[PDB]
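# From the sequence below, what's the structure:
(2 chains)
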Amino acid sequence: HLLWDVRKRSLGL
Amino acid sequence: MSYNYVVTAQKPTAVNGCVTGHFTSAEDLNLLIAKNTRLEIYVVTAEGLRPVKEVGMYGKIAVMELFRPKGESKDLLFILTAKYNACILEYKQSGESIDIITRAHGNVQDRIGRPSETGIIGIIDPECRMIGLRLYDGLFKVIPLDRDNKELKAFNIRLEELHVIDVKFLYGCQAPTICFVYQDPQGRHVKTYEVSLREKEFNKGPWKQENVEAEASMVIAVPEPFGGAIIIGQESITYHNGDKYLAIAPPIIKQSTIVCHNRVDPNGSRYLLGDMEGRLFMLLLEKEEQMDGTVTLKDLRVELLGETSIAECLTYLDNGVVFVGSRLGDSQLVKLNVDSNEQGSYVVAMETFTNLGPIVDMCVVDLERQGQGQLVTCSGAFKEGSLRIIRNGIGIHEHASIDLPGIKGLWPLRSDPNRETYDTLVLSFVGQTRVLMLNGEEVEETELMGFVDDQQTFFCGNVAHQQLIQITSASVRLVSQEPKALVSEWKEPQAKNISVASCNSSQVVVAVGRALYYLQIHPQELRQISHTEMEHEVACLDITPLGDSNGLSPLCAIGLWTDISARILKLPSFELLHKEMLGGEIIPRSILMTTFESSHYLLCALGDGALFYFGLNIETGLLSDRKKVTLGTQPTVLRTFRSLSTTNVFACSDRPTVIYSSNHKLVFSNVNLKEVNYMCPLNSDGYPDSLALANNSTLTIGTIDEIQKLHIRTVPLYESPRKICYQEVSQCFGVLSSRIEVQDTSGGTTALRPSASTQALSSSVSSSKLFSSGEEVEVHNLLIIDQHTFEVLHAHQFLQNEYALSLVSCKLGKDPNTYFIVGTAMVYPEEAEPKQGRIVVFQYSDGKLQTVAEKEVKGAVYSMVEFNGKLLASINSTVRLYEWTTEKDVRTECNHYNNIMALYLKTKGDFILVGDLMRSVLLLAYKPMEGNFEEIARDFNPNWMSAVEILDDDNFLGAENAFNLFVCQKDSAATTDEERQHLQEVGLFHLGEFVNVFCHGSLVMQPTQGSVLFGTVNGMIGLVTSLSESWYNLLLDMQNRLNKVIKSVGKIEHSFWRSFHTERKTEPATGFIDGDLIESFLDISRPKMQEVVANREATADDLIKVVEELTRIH
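Numbers count the residues shown, from 1 in each chain, chains lettered A, B, ... in the order given. You can find the structure just below:
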């Protein structure tokens, strides 16, 4: 989900 | 017409790649650490890292390999950038000057081609015939290596395998051969091809395509003695050569994905493996053989070695030492030992290198209620998680404080021969001298035989052979330890006044004008030696027995009065050597000679405030490096203080500065004081190592922090922080955080290691019942952090599967109370767009956390700023505005729905808001009309946003995802219901970084307009300011001039680099300047600098001042 996918991004690869 | 300036405040600290070999010399071990746009060059020593070079590039380094073809003295470096700039680099030194050279370059992007899953991968064949790249799906790019090919020109070859995972050039291969794990529908497969340039095709590799596991993902090619490929899956690892297949499924790897390998032993008997976890494995190739015939491979196994920071990069160095390249947390140096001490960890940490981590959110401070901002950042992730307080400058801690509007100098006296402590302070005064016999920590002013009290003392050293000294206007007196009276007392043969002092503890030099003398405190009396006049009046004199001298002192250095000059001389002779004829009508108010790590230095402060630094030679004594630097508008006094070993120089001015010792260089960091006039070391039995400081009126004494321009304090969290708020009234920070935990023997979750949320002083869990319907889960908390102590005062645990995602601290409505509100989201792996979540209103009482109010919501509360006594909050696609009843509850007024996914909002005081996820940034007002939302304007570009800030009523900054910044503003346009409804991207720029957070704040103070800070995934902190059109132009032009002149490392066009660029559009930057470029100026030789001006006016070094004035915004 975006949530996870928004985290993973704020924290790079 | 948007105009902005961007500068680094802190370079990226995350380590993106790293590599080892001999790039400096054939016989010297270098580690090269790639940050983002920074290459760091080290020699590995017995101690560890000797820094050698820190170059930047105009690009995100994507590939970094060392290599060496035939007829090559030392390893060349290959670099591929992310914008597809390839280059080949060579380390070159001109004895004392170090230069990295570009042997070749070319851009290798193809207009064709989609960039593959798993990113760029470049590689290099063992024999160095070539460089193989994989940038695009379907294509493999080949770059022959030949004396020529300076342009790195390259053909592609077609590749049936559309979805490759990893590739390596196999060792011991008659033909250039590659080995690669690719993924089709069937699974994942290893495959090979010999590679021929002879006819630009592949051929087949030496072995049948085999199979490999579903999560297979690293290829390793094992060196000449063994050959073949090690392929690393999840829960498994395997080997491949022609017919050979070896495999292992240690459960010990199951729990986390391996993530980096690195070879330890050239033969490849040994390899290091890192993990999403931080666990460090050792992958051994069990030896074996069969007489005359190369070594086979009987077996291979994993040995958990221990734990490191989470590793992007791993690199065995010398003996048992390994550098751990980290991006999620602090990087480190780390010793491996044959023996595993306590806990059983063969891995002991040696050094720890600070990574500001991915900075996930941050905020200003706001601590010692001073006037500067400390920046407080949520950093790292998982166990690296942390806060990091960042304070600009070097602070000092004040103990006593005697208000004295005179102090004109001060000197460090012990009254007891034995003790290393000094119980007296003699200080120059308004044509006087006051003495201060301290009763330990107590102040008391009395006499002291032979130390004139009605005379402006000009010195007061600690002269050996049991004596005290007091150079006054008049006579250079002398006083005993045994007798303690008037042992001697000099006096110029003519009744003439001393103008300029000098001394150490054995040597004495005075001056009277142009005149020079020289005395000696030989047991119990002052005996003279020389006398020599000078061109002009002596401004200042330095002498300290430097290296090979114990009390008695070698050469000499002087600043004079009419010709404004500073000049190298000797001793009993007084013979003029080399000299500098510094410009200006203002006199050098202070000259200093010193020593540091292993070097001698000559420093000269003038009275204009500016300075000149030069290197002295204890033996030879001549020029060095011409370059003045402004500081204290008021003459700078230089002294030298007690710290540690590298003991340094203090600059006293309106702008007090320390001068450190960088990479055998010298730091120039601000000191956090109001002003300093004079300053000296200390050690009283009641004021240990302290430097007393004196300004307009006040004595002061305290310790000194580290050095490095900026200081960083670190609260280790062990879990991963997400958002963070300061609530001043309650003197604490709230921090949203998350840890991870496993499903239990039935479902429950434990807690591997303790984190901030479980070690909390007190604690809570959500009671709220609002709902009702191996395995890793996240557990999320609000944390109360004491601002003073950075203790976890309290932890609130949220519901099972609830995500705190937004955090405010505000007063709401008429209610004179201040809350920690937290937007949340009920998150299950089934869907992917939360349909429920909550807003919770907390209060933190005496020591207490009161759940004041909750509110169910029908989506994920993504962000929520406090609006206007109300609470504005984005709830998944729909932004709403909640009001606070008198009766203490969050209830709706209005919403707006024109939002694909509102991730970010910000509020310019006025009823104005802004944001979005994949369709970059709307602007909205709130209407004290039908208390409603009117959508004033959006931006019709397809920007996947990451951060968003309001700079002013018209200017809207956004960061997005290609690492690009852009500014938007409202279109002043006729036909005002269309051109109006559309705001224009009027500033573009490729930053090179992923911006998580903007905030108004600054690191500095007690030209530019506004100051927005930013924190990046890489730990870069930038800063963005706004500009007058004229500074813009000055600077815009200067940007162009500067680029014809600077040798951009791998010959990369700067303008190409800064070009707003997505994988679907490329425009040049507008409305932006890198101060980083601008600042490039100062590191420039005057010739290259003069060139920069060929043409209100246009000067030559009026700019040298303009550029300085900017360096001071951070």
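# Extract the C-alpha set from stretch B:589-607 and format it as PDB.
The C-alpha trace of stretch B:589-607 is given here as PDB (Å, rounded to 0.1, in the frame of the first residue of the first chain):
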ATOM      1  CA  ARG B 589      46.900  43.900  14.400                       C
ATOM      2  CA  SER B 590      48.200  40.400  15.200                       C
ATOM      3  CA  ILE B 591      50.600  37.900  13.800                       C
ATOM      4  CA  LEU B 592      50.900  34.300  14.800                       C
ATOM      5  CA  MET B 593      53.200  31.300  14.300                       C
ATOM      6  CA  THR B 594      52.300  27.800  15.500                       C
ATOM      7  CA  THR B 595      52.300  24.000  15.100                       C
ATOM      8  CA  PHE B 596      49.400  21.500  14.700                       C
ATOM      9  CA  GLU B 597      49.500  17.900  13.700                       C
ATOM     10  CA  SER B 598      52.700  17.900  11.600                       C
ATOM     11  CA  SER B 599      53.100  21.500  10.200                       C
ATOM     12  CA  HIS B 600      54.100  25.000  11.100                       C
ATOM     13  CA  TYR B 601      51.900  28.000  10.200                       C
ATOM     14  CA  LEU B 602      52.000  31.800   9.800                       C
ATOM     15  CA  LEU B 603      48.900  33.700  10.500                       C
ATOM     16  CA  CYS B 604      48.200  37.400  10.300                       C
ATOM     17  CA  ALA B 605      45.100  39.300  11.300                       C
ATOM     18  CA  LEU B 606      44.500  42.800  10.200                       C
ATOM     19  CA  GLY B 607      42.300  45.400  11.900                       C
END
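# Show me which residues of stretch B:793-810 are buried.
Neighbour counts over stretch B:793-810 (16 or more other C-beta atoms under 10 Å in any protein chain shown) mark B:793-799, B:801-810 as buried. For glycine as for every other residue, the C-beta is placed from the backbone atoms N, C-alpha and C.
# Show the end-to-end separation of that stretch, please.
19 Å (C-alpha to C-alpha, to the nearest Å).
# Repeat that for stretch B:508-522.
11 Å.
# now do stretch B:105-114
Start-to-end, stretch B:105-114 (C-alpha to C-alpha) is 22 Å.
# residues in contact with the closest residue to chain A within the stretch 51-200 of chain B?
The nearest approach of the stretch 51-200 of chain B to chain A comes at residue B:119, 8.0 Å away (C-beta to the nearest C-beta). By C-beta atoms under 8 Å, 6 or more residues apart in numbering or on different chains, residue B:119 lies in contact with residue B:62.
# Stretch B:850-861 vs chain A: in contact?
Yes - part of stretch B:850-861 sits near chain A under the criterion C-beta under 8 Å from any C-beta of the partner chain, namely residue B:860.
# got the CA positions of that stretch in PDB?
Coordinates of each C-alpha in stretch B:850-861 appear next as PDB, following Å, rounded to 0.1, in the frame of the first residue of the first chain:
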ATOM      1  CA  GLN B 850      -4.300  12.500  28.700                       C
ATOM      2  CA  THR B 851      -6.200  11.100  25.600                       C
ATOM      3  CA  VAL B 852      -8.400  14.200  25.300                       C
ATOM      4  CA  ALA B 853     -10.400  13.300  22.300                       C
ATOM      5  CA  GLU B 854     -10.600  11.000  19.300                       C
ATOM      6  CA  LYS B 855     -12.200  11.100  16.000                       C
ATOM      7  CA  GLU B 856     -12.800   8.200  13.500                       C
ATOM      8  CA  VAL B 857     -12.000   8.900   9.900                       C
ATOM      9  CA  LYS B 858     -12.700   7.100   6.600                       C
ATOM     10  CA  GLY B 859      -9.100   7.100   5.300                       C
ATOM     11  CA  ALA B 860      -5.400   7.600   6.200                       C
ATOM     12  CA  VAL B 861      -4.700  10.900   7.900                       C
END
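# what comes up buried for it?
B:852-855, B:857, B:859-861.
# And for stretch B:209-229?
For stretch B:209-229, a neighbour-count test (16+ other C-beta under 10 Å) marks B:212-213, B:216-222, B:226-229 as buried.
# what are the ranges of the strands in the stretch 701-850 of chain B?
Along the stretch 701-850 of chain B, counting by DSSP state E, counting those that start in this stretch, strands occupy B:710-716, B:720-727, B:732-742, B:764-765, B:776-786, B:792-797, B:802-811, B:818-826, B:837-844, B:849-857.
# what lines up beside the fifth one in the sheet?
Read that as strand B:776-786. Sheet pairing for strand B:776-786, assigned by DSSP bridges, gives strand B:732-742 (antiparallel), strand B:792-797 (antiparallel).
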